[PDB]
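**Student:** Sequence first, structure after, both from an experimental entry:
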Amino acid sequence: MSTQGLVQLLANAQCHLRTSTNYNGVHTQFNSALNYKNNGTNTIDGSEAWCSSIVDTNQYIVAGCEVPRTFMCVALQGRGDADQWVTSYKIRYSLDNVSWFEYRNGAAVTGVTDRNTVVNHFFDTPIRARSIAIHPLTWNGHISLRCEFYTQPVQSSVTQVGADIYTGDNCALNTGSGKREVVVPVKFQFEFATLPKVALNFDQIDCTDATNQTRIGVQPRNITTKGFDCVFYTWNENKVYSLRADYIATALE
Amino acid sequence: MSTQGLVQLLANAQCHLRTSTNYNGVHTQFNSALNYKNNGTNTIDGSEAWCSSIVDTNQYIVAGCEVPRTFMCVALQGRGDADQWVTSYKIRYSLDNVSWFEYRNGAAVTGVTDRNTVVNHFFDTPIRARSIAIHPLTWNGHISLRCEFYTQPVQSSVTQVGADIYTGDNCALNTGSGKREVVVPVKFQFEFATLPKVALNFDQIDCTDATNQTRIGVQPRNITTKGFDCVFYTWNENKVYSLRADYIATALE
Amino acid sequence: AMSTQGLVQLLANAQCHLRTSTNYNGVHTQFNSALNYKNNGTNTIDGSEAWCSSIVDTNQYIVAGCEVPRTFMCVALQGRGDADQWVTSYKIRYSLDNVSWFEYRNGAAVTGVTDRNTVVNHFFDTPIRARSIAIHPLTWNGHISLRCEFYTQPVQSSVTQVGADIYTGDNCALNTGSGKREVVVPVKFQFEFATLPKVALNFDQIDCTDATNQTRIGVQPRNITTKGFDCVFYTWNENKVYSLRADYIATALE
Ligand SMILES: [Ca+2]
Ligand SMILES: [Ca+2]
Ligand SMILES: [Ca+2]
Ligand code: NI
């Protein structure tokens, strides 16, 4: 409930995990998810934790996301099947994957004190990053842990720009009276995965006023994943020689 | 051919894989790809499959993508080197990585009946998701499988918005006659990886009609990955005091 | 190290998924593949300082998969830290769409390493735009064993929201009076951006009267936050504006 609404990165397989060392083939980051449990009657599937091979203050597990995230919280947990756990750690992170920074300038963060009781650390300020690493500093018995990172949900957009949709010179809006429309169908360069929203705005206006009034419009109609109808219009007595517009279409998720 | 034009997710290393349990370190998700084969003369490299440590109806393999996909098909295959395979399974998925859903409300999907013959399951309706999981329900011999997920190709955009490109007060469009332009160089905050398309549209207009006609334009010229020239223009006898535009530049893939 | 300053180290930053054709056993896997990976040299049980294949033939490979396209500048190859095994030549293959794959140099060999620890960088003849890329060993000393890295240009990520048809209303307050006049329409984004967006906001419907032949209209966002902005329609001088409409495009970076 402290982390309700947040994305559990490891649980959802949203990040790639790299470790400094693994004790062996059954003590790897495959076993690192919070609350990970294995077959307790068979020894061959190894530890309920990631466990390092070298025991010093230079070990770490790195979580990597290609899509930037807002990190709210890191949860630490000990090993489920033996009395080993990390009592303090530091956190490092990177947004651009070139420069790295240390949380709290590398100061220790409180870890856990038993096998199974989870300890959440909410970052002093939420951390915007692509990659993040837990660096154990002190430990009981061995460097062995399970963990989770909690991030705000992310949204993904795909945008297409289309330039210069045009009525043509001396278009049908240049005569007549009342509401009048000229329809130019538009097909997007590629079909969207989901239904887009479309901005469509003027870049060239060639029109005549009517009793000093300007009346022009452009609007999408019948938007689909594949395209839309670009509707240029005027109304009343106005005569419009030509109109041009550019579009921006964006689909979410 | 049934999956022509689709992305093979595991084969392209486009997803992260987490499993519930692994029989040991040579029975893991590293050996999960459809048609994975290993050294048949050596036992030490393990199974031609992912195989669980615990044999019950609570096991799973999860595939996670940070970029949402449209899942068309899941393929299942047995274990290559022994008579073990999954005869049915359920599919669970999440788009937002907060709430999870079950395909067919959790009802079983038909699996395989031998070691090597792939069984494709095209989803009743394509599934929009970040993460998706195979949850074995029934099996022959052991919970052991190879698999693939087939997705529509994805497209990736990067967009930069720039605000308030302006002619100047009393610009050179406000005198003379015939085609006249005012060119304002625009540099993107960052250089795009590939060539962008630019929408460039009005947000402020200060102009005089000529025999009741309005005549105003704005268009990019010389678009590069680094910037473009914003060309404001008028023609005929029109006098335009000032013009302001906002731009949206998007590059694909 | 200098030669790749400023570039993203993909494996080091855990920015790709790694799949291998085969692993010698569970302690010779891609978990051991990062350039300069070193392990416990006193204990044998943690395996090799390298990914090592199980099948020794020309069909082996390690594939690095990125969901976001990257510009790959360089691939670095290194031999096995703890034993005299290394890859002496290899070929590179890649894909941008993850449907069609291509061979770098039409499949000609690229020069590898000659020892355990001396890294050999190969900067691609032209930089490669790709999602997935693979190292295919062609010749080797002892066994198919390697550590590696891929170097890419930094990526930028944007998130964009388009909102349509922000409207003053018919016969709005801009249609009376004199001097600078504004109509403010508050706009809330469908979802809250992670960081402050920049906002384009542009006309799609104009209904206005000139003043001594002049048109004077504008629209501008004010008080942009992660959650929304104030859409400010305005006119000035003596112009009477019946109505104006606009669509917006808001984009936040990184
Ligand atoms: Ca244009
Ligand atoms: Ca503006
Ligand atoms: Ca509109
Ligand atoms: Ni991964």
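**Tutor:** Sure, I can see it. Numbers count the residues shown, from 1 in each chain, chains lettered A, B, ... in the order given. Ligands and ions are numbered 1, 2, ... in the order given.
**Student:** Centroid-nearest residue for chain A?
**Tutor:** residue A:154 (3.6 Å; C-alpha atoms, centre = their mean).
**Student:** Could you measure from it over to residue B:65?
**Tutor:** 12 Å (C-beta to C-beta, to the nearest Å). For the C-beta atoms, the positions are set from N, CA and C on the backbone; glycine is no exception.
**Student:** Hmm, the residue nearest to the centre of chain A is touching residue A:66, no?
**Tutor:** No - if you go by C-beta atoms under 8 Å, residue A:154 and residue A:66 don't touch, sitting 10.8 Å apart.
**Student:** hey, what's in contact with both of these two?
**Tutor:** Taking C-beta atoms under 8 Å, 6 or more residues apart in numbering or on different chains as the criterion, residue A:154 and residue A:66 both touch residue B:66.
**Student:** What parts of chain A come near ligand 1?
**Tutor:** Contact residues, chain A versus ligand 1 (C-beta under 5 Å from the ion): A:163-164, A:203, A:246.
**Student:** Can you flag the buried ones in the residues you listed?
**Tutor:** The neighbour-count test (16 or more other C-beta atoms under 10 Å in any protein chain shown) marks A:163, A:203, A:246 as buried among the residues of chain A next to ligand 1.
**Student:** Contacts only, for the closest residue to the last one other than its chain neighbours.
**Tutor:** In this structure, residue A:246 finds its nearest non-sequential neighbour in residue B:199, 3.7 Å apart by C-beta to C-beta, 6 or more residues apart in numbering or on different chains. Contacts here follow C-beta under 8 Å, 6+ apart; on that basis residue B:199 touches A:161-163, A:199, A:201, A:203, A:246-248, B:247-249, C:200, C:249.
**Student:** what kind of secondary structure is residue B:199 in?
**Tutor:** strand (DSSP: H, G, I helix; E, B strand; the rest coil).
**Student:** what sits opposite it in the beta ladder?
**Tutor:** Under DSSP bridges, the beta-bridge partners of residue B:199 are residue B:248.
**Student:** who touches residue A:16 in this structure?
**Tutor:** So residue A:16 contacts A:63-64, B:16, C:14-18 (C-beta under 8 Å, 6+ apart).
**Student:** which pair in these spans the largest distance?
**Tutor:** Taking C-beta to C-beta as the measure, the contacts of residue A:16 span a maximum distance of 14.8 Å, between A:63 and C:18.
**Student:** pretty sure residue A:21 contacts residue A:51?
**Tutor:** No - taking contacts as C-beta under 8 Å, residue A:21 lies outside contact range of residue A:51: 9.2 Å.
**Student:** List phi and psi for the residue nearest to the centre of chain A.
**Tutor:** When read as degrees, to the nearest 10, the backbone of residue A:154 gives phi -100, psi 150.
**Student:** got it, and residue A:52?
**Tutor:** Dihedral angles (degrees, to the nearest 10) for residue A:52: phi -70, psi 160.
**Student:** Check residue A:178 too.
**Tutor:** Phi and psi for residue A:178, reported as degrees, to the nearest 10, are phi 90, psi -180.
**Student:** Same question for residue A:191.
**Tutor:** According to degrees, to the nearest 10, residue A:191 has phi -70, psi 130.
**Student:** got the buried residues for stretch A:43-57?
**Tutor:** A:45-55.
**Student:** Next: stretch A:209-223.
**Tutor:** In stretch A:209-223, counting by 16+ other C-beta under 10 Å, buried: A:209-210, A:213-220, A:223.
**Student:** List, out of these, those positioned next to ligand 2.
**Tutor:** Of the buried residues of stretch A:209-223, not one also sits near ligand 2 (C-beta under 5 Å from the ion).
**Student:** Among the residues you listed, which one lies nearest to ligand 3?
**Tutor:** Nearest to ligand 3 out of the buried residues of stretch A:209-223 is residue A:219 (C-beta to the ion; 5.0 Å).
**Student:** Distance from the helix or strand containing the closest one to the middle of the chain?
**Tutor:** Secondary structure assignment for residue A:219, by DSSP states H and E: strand A:213-221. In terms of C-alpha atoms, centre = their mean, to the nearest Å, the centre of strand A:213-221 is set 36 Å apart from its chain centre.
**Student:** now stretch A:119-136
**Tutor:** The mean C-alpha position of stretch A:119-136 is separated from the chain mean by 17 Å, C-alpha atoms, centre = their mean.
**Student:** Can you dump the C-alpha atoms of it in CSV for me?
**Tutor:** The C-alpha trace of stretch A:119-136 is given here as CSV (Å, rounded to 0.1, in the frame of the first residue of the first chain):
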residue,chain,number,x,y,z
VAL,A,119,12.5,-2.5,4.0
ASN,A,120,11.3,0.2,1.7
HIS,A,121,13.5,3.3,1.1
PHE,A,122,11.6,6.2,-0.5
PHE,A,123,14.2,8.4,-2.1
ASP,A,124,14.6,11.8,-0.5
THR,A,125,13.5,13.2,-3.8
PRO,A,126,12.3,10.9,-6.6
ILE,A,127,15.1,10.0,-9.0
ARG,A,128,14.7,10.4,-12.7
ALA,A,129,17.0,7.8,-14.3
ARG,A,130,17.4,5.0,-16.9
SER,A,131,19.7,2.8,-14.9
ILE,A,132,20.1,2.3,-11.1
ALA,A,133,22.3,0.2,-8.9
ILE,A,134,22.3,-1.2,-5.4
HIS,A,135,25.8,-1.3,-3.9
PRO,A,136,25.9,-3.3,-0.7
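**Student:** That stretch near chain C anywhere?
**Tutor:** Yes - interface with chain C: stretch A:119-136 contributes A:128, A:130-131 (C-beta under 8 Å from any C-beta of the partner chain).
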